[PDB]
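Chain by chain, the residues run as shown.
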Amino acid sequence: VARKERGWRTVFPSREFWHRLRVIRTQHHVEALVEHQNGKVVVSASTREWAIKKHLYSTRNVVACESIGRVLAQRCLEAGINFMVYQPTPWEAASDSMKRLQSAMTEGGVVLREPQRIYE
Amino acid sequence: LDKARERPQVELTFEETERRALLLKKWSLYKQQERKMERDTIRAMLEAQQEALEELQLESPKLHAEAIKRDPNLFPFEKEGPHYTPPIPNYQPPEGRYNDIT
Amino acid sequence: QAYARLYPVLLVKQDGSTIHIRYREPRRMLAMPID
Amino acid sequence: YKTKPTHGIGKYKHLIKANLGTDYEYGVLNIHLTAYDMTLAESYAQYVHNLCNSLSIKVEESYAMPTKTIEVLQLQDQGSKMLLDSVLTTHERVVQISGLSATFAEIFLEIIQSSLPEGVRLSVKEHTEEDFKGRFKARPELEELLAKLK
Amino acid sequence: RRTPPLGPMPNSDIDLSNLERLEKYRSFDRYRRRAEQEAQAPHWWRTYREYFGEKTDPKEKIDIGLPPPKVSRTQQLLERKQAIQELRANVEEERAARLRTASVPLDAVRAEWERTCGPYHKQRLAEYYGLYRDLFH
Amino acid sequence: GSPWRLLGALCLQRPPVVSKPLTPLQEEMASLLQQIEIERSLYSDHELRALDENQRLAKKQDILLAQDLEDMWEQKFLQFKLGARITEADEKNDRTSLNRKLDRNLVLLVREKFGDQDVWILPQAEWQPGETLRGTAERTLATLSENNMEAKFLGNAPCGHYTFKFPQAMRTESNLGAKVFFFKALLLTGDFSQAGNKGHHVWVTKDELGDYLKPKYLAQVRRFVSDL
RNA sequence: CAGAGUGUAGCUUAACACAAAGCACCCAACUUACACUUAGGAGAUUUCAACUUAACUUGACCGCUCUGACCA
């Protein structure tokens, strides 16, 4: 029932969401971040943390993307957040690593389609 | 356009794939030092070139005017690549003729 | 995308110098003639 | 708004731009990389294109001309008839360079001559008198040019 | 009538004399990176965050937690840098990485997080839920 | 004018006539590059004839077979001879002849008697009014003993400098010392005579250039000479 | 050889700790080529001590810069 931030139809990305998934791919690390519309961040899964480093070969591969995808899936499940939104660019959406990361959301139980706001 | 020209695709063995990635992962670094020895040798002369210019600047101003001056006799230049073996001083091939197709 | 099988062949120049070159035929040695 | 101190914050085209050499630098220089191996010709042309970008000098354009092939006739042994022996093809790779300083000229020339591959020929020349500059021009470039002369 | 700006212009620092000499963005991602790094920077004009973003008091948040544990960074770094060296040494681990078939134990990594980054993430999440604003004032 | 005397120098350089020896890593380059060829390339006309000849023979008018043409062409390989990369100079280490170290570059050095001691240095010449430093380099080539070569000249700016002071012997107020400027040049063709070879000039590479040059002089020299 | 200055892979007023980070840089795929994009690999706190976190505060040592010394 909470109103979503509609508008911004002339700029990218749009802001009609409650919780958004942001994935940052740097030269050495890939950062998966989930945050609210207003700016507050709820949970994060970065390869910099030592917890997953002991078990992953590299922090900049598809294996790393699957590693943090399942980590984020378990973190979102235990944080109470089930619905989210993902707004990627055409090239990263076509990247093979990203699609398998979306597969982690499906097997993890995270849905990337926020329910529509009930106006009436 | 003839399909009889097509060659069958030979299966690539798994162990052979291993040595492909191993040489690829070493090709990238091998070329990196190749660029690394390149990047230092251009700047090595570049700083040595400038200090010579500035030392000549204190030596004489008139020489500097004609030192940085463009030489119009330059750039008809031509350089051909090296050869597998040095040319034979005494070698006379038989007669022949050429033709051009356009 | 479409090209033939280029064998490792050699060319001998006018002065006798030799360079590497790819050719359609298995003629691994070649010395061009005096015009 | 014009009156408000934040006037002109949306100005964007002032960062966007609206051969005879100088007395210190060269106007236009072109290098020619001929070879009987197409792979070597383009590989070196790609090599010099990447290196010249590293040295931060402006590149005009790299294109291709119709490739010329030459055949070789060989005199038959104990005879006087020319017979087909081999057919060769020379491939020319050209990259146009403008804005190379006189001081850096010697360093640039020494690199491509030291890194010159097997069986390829390089040449440095001006190629300026034939610069007809007759290039097909796009629509927005025509509009500003036509407004300039109007 | 004109009024001088109250602060530096967004594009005043960029020289326009050598605009063609200056390197370009040449890609959408690089401009986007500069876009939202500069978006969060404070400005002297009216911004979206001024009216919509939540406002925090100038006073720093008071911490009533236990003093942070003290660890030896050099020794920890040495163990961590050698740990992945042997990990990268195994071909079998390297074979899985290149084949995109490697996996990690989710239960084991979660336990390590609870001791390394668990307290910080929980505090960060609890602040979002409004626990610190309602109770403890 | 100034107590620092000015001299113009030339560093004669001859590019290798043959390519450098290939690193065994680069052996794996061509081996795989050819390996990705026949795995991706289609049948050539040579292979098409070979397959047709083999197929017809199994079923059963070409006098010359594809295998036979390989034999005669391979037989012709044993007939001719290639130029020897390693020459007599390489075996003898003739640091004066052209046929030594064909794979790598070579730089000339000359003997000069300064301070009652011979010093291995590059050719030099005193600067004079009305003449460019490159003209001094051309004059330096002329002053060479019984020389006949043409040198390709690139640029005008100096390629380096070296300052040396007198050992408190000739050091005076009017003449404190001399500084020298090096200019790179390209050798197309030409050679010295046979009258003087050992006591006139020596040709070496960058690796062994330190044996003949002074440690201070070599340090300035190595900042613009390469080993590519 | 002496007297001053300096020290994170190339750069960075990156490093509160949870952690040695960002960019530049190299290879392969597309392209004549560049560039964009996809997929890869290479990296650093100069070394020893100081109640101890300590690249970070203090020493010694080591490595570079400048000036004198030596100088064909």
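Each value, and the rule that gives it
- Here every chain is numbered from 1 following its written sequence, which may not line up with the entry's numbers; residues without coordinates are dropped from view.
- In the order they appear in the text, chains get letters beginning with A and ligands get numbers beginning with 1.
- Only some chains of a larger assembly appear here, and every value describes just that portion.
- The side-chain figures draw on all heavy atoms in the structure; neither hydrogens nor water molecules are used.
- Starting at the N terminus, helices and strands are each numbered in turn, a helix being any DSSP run of H or I of at least four residues and a strand any DSSP run of E of at least two.
- With a 1.4 Å probe rolled over the protein chains alone, any residue whose accessible area is under 20% of its type maximum counts as buried; one over 50% counts as exposed, and the rest are partly exposed.
- Residue contacts are counted whenever heavy atoms from the two residues lie within 4.5 Å of one another.
- For the area figures, the Shrake-Rupley method with a 1.4 Å probe applies, and any residue is considered shielded solely by the protein chains shown.
- The criterion for strand pairing is that DSSP finds at least two bridges linking the strands in question.
- Fitting a line to C-alpha atoms yields each axis, with helices limited to the stretch in contact; the angle taken between N-to-C directions then spans 0 to 180 degrees.
- UniProt positions are given in the numbering used here, feature names are shortened, and annotations may be inferred rather than shown by experiment.
- Buried area adds together the accessible area that both of two parts lose upon being put together, with accessible area traced by a 1.4 Å probe.
- Here a salt bridge means any side-chain nitrogen of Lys or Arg lying within 4 Å of a carboxyl oxygen belonging to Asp or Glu.
- Here a polar contact is recorded for every N or O atom pair within 3.5 Å, except that within protein the pair must consist of a potential hydrogen donor and a potential acceptor, and residues adjacent in sequence are included only if both atoms are side-chain atoms.
- Polar here means any residue outside two lists: the nonpolar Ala, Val, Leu, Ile, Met, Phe, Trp, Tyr, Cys and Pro, and the charged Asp, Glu, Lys and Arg; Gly therefore counts as polar.
- Site definitions follow a grid-based scheme: protein atoms alone, a 1 Å grid, a 1.4 Å probe that fits but cannot get out for cavities, and for pockets an open set with protein on both sides within 12 Å along at least five of seven lines, plus lining residues having an atom within 4 Å of a point.
- Grid points are joined across faces, edges and corners, and a volume is the space filled by probe spheres set on the points.
- Near, as used in this document, describes a residue that has one of its heavy atoms within 4 Å of the molecule or strand being considered.
- For patch detection, residues must exceed 30% relative accessible area and be free of salt bridges, and they are connected within 9 Å for like charges or within 5 Å for nonpolar side chains (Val, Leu, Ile, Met, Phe, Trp, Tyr).
- When charges are tallied, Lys and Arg are placed among the positive residues and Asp and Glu among the negative ones, while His and the ends of the chain are skipped.
- Charge placement uses NZ in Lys and CZ in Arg. For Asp and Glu, CG and CD serve respectively.
- Between 65 and 115 degrees an angle is taken as roughly perpendicular, under 35 as roughly parallel, over 145 as roughly antiparallel, and anywhere else as oblique.
- Each helix crossing is assigned a hand: it is left-handed if the near helix lies turned anticlockwise from the far helix by less than a right angle, otherwise right-handed if that turn is clockwise.

1. So, the overall build of chain C
Point 1. Counting secondary structure elements, chain C contains 0 helices and 3 strands.
Point 2. Reading the secondary structure of chain C in the N-to-C direction produces β-β-β.
Point 3. Put simply, chain C has 35 residues, and 51% of those count as buried.
Point 4. If you take every contact in chain C between residues at least 6 apart in sequence, the share linking residues at least 24 apart comes to 0%.
Point 5. Split by element, the accessible area of chain C, about 1,700 Å² in all, is 57% carbon and sulfur.

2. Some thoughts on the sheet that holds strand β3 (residues 41–46) of chain A
Residue and element names in this part refer to chain A.
Point 1. Reading across the sheet, the 3 strands line up as β1-β2-β3 and stay open at both edges, with antiparallel pairing between neighbours. A single partner strand is all that each edge strand has here, and the edge strands are β1 (19–25) and β3. Across the sheet, the mean angle separating the axes of adjacent strands is 15 degrees when strand polarity is ignored.
Point 2. Two strands pair when backbone bridges link them, and β1 and strand β2 (residues 30–36) are joined in this way by 7 bridges, in the antiparallel orientation. Within β2, the residue paired with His19 across the bridge is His36.

3. A word on the UniProt feature "coiled-coil region" in chain E
Point 1. Summarizing the sequence annotation, UniProt attributes the feature "coiled-coil region" to residues 73–101 of chain E in the numbering used throughout.
Point 2. As a span, residues 73–101 of chain E carries 90% helix and 0% strand, and end to end its C-alpha atoms are 33 Å apart.

4. A few points about the interface of chain F and chain B
Point 1. If you look at the interface, chain F gives 49 residues, while chain B gives 42 residues.
Point 2. Of the roughly 4,000 Å² buried where chain F meets chain B, counting both sides, 58% is carbon and sulfur surface.
Point 3. The largest per-residue losses of area from chain F upon contact with chain B belong to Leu42, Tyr43 and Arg223 of chain F, which jointly make up 16% of the total buried on that side.
Point 4. The interface formed by chain F and chain B holds 4 salt bridges in total.
Point 5. The salt bridge involving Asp71 of chain B is made with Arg134 of chain F; its shortest N-O contact spans 3.7 Å.
Point 6. At the junction of chain F with chain B, the criterion picks out 14 residue pairs in polar contact.
Point 7. Going through the elements one at a time, β1 (4–14), α1 (24–38), α2 (45–59), α5 (133–143), β5 (147–153), β6 (160–165) and β7 (177–192) of chain F are the ones with two or more residues in the side of chain F that touches chain B.
Point 8. Examining the composition of the side of chain F that touches chain B, we find that 7 residues originate from one element, α1 of chain F, more than from any other.
Point 9. Residues that form the side of chain F that touches chain B fall into these classes: 26 nonpolar, 14 polar and 9 charged.

5. Observations regarding the side chain of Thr47 of chain A
Residues and elements named next belong to chain A.
Point 1. Examined against the element boundaries, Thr47 turns out to sit in the loop between β3 and α1 (50–53).
Point 2. The exposure class assigned to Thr47 is buried, which follows from its relative accessible area of 1%.
Point 3. At 2.8 Å, the side chain of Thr47 forms a polar contact with the side chain of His29.
Point 4. Apart from residues no more than four positions distant in its own chain, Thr47 is found in contact with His29, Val30, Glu31, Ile52, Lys53, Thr59 and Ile68.

6. Regarding empty space enclosed by the protein
Residues and elements named next belong to chain D.
Point 1. Of the voids in this model, the largest cavity is the one considered here, and its volume is about 130 Å³.
Point 2. Considering the residues around the largest cavity, the lining is formed by 13 residues, among which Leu51, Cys52, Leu55, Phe108 and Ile111 are closest to the centre.
Point 3. Those elements that place two or more of their residues in the lining of the largest cavity are α1 (38–54) and α2 (102–114).
Point 4. Counted by class, the lining of the largest cavity contains 13 nonpolar, no polar and no charged residues.

7. Focus: the protein's contact with RNA strand G
Point 1. By nearness alone, 57 residues border RNA strand G, and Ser95 of chain A, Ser28 of chain B, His49 of chain D, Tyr120 of chain E together with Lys165 of chain F come closest of all.
Point 2. Within 4 Å of the protein, the contacting atoms of RNA strand G are 69% sugar and phosphate, with bases supplying the remainder.
Point 3. Side-chain polar atom of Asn50 of chain D to a phosphate oxygen of RNA strand G: 3.1 Å apart, as the coordinates give it.
Point 4. Those elements that place two or more of their residues in the surface near RNA strand G are α1 and α4 (96–108) of chain A, α1 (14–59) of chain B, α1 of chain D, α3 (73–89) of chain E together with β6 of chain F.
Point 5. Among the elements that take part in the surface near RNA strand G, α3 of chain E stands out by supplying 7 residues, more than any other.
Point 6. In terms of residue class, the surface near RNA strand G is built from 13 nonpolar, 23 polar and 21 charged.

8. Re the environment of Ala2 of chain C
Residue and element names in this part refer to chain C.
Point 1. Mapped onto the elements of the fold, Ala2 is located in the segment before β1 (7–12).
Point 2. What makes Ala2 exposed here is its relative accessible area of 70%.
Point 3. Spatially, the C-alpha atoms of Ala2 and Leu30 are 26 Å apart, while their sequence positions differ by 28 residues.

9. Examining the pairing of β1 of chain F
All names here are of chain F.
Point 1. With 8 of 11 residues buried, β1 lies mostly within the body of the structure.
Point 2. Pairing analysis gives 10 bridges linking β1 to β7, with the strands arranged parallel. By the bridge assignment, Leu12 is partnered in β7 with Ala185.
Point 3. Relative to strand β4 (residues 124–126), β1 runs antiparallel, the two sharing 3 bridges. Each residue of the ladder has a partner; that of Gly8, found in β4, is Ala125.

10. A few points about the arrangement of the chains
Point 1. Interchain contacts are distributed over 10 pairs of chains, and the most extensive set of them lies between chains B and F.
Point 2. In this assembly chain A lies apart from chain C, the nearest approach of their C-alpha atoms being 25 Å.
Point 3. Separated in space, chain A and chain D share no contact, their closest pair of C-alpha atoms being 15 Å apart.

11. Focus: the interface of chain C and chain B
Point 1. Each partner contributes to the interface: chain C provides 18 residues, whereas chain B provides 17 residues.
Point 2. Taken over both partners, the interface formed by chain C and chain B buries close to 1,500 Å², and the fraction arising from carbon and sulfur atoms is 49%.
Point 3. Among the residues chain C hides against chain B, the three largest losses belong to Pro33, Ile34 and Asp35 of chain C. Together they make up 29% of the total.
Point 4. Counting across the chain C and chain B interface gives 1 salt bridge.
Point 5. If you look at where chain C meets chain B, you find 9 residue pairs in polar contact.
Point 6. At the level of secondary structure, the elements contributing two or more residues to the side of chain C that touches chain B comprise β1 and β2 (18–23) of chain C.
Point 7. Tallied by class, the residues present in the side of chain C that touches chain B amount to 9 nonpolar, 5 polar and 4 charged.

12. A short note on a positive patch on the surface
Point 1. Where like charges cluster on the molecular surface, the positive patch consists of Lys17 and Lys58 of chain D together with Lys24 and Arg26 of chain E.
Point 2. Turning to its location among the elements, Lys58 of chain D is positioned in the loop between α1 and β2 (59–63).

13. Here's the deal with the packing of helix α2 (residues 62–79) of chain A against α4 of chain A
Angle between the axes and distance between the axes are the two parameters that describe a pair of packed helices.
Residues and elements named next belong to chain A.
Point 1. One way to put it is that α2 packs onto α4 with a least axis distance of 8 Å and a crossing angle of 25 degrees. If you check the angle between α2 and α4, you find them roughly parallel. Remark: the crossing between α2 and α4 carries right-handed chirality. Of the residues in α4, those in contact with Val62, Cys65, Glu66, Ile68, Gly69, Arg70, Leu72, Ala73 and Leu77 of α2 are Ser97, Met98, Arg100, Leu101, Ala104, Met105, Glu107 and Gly108.
Point 2. Residues of the contact of α2 with α4, tallied by class, amount to 10 nonpolar, 3 polar and 4 charged.

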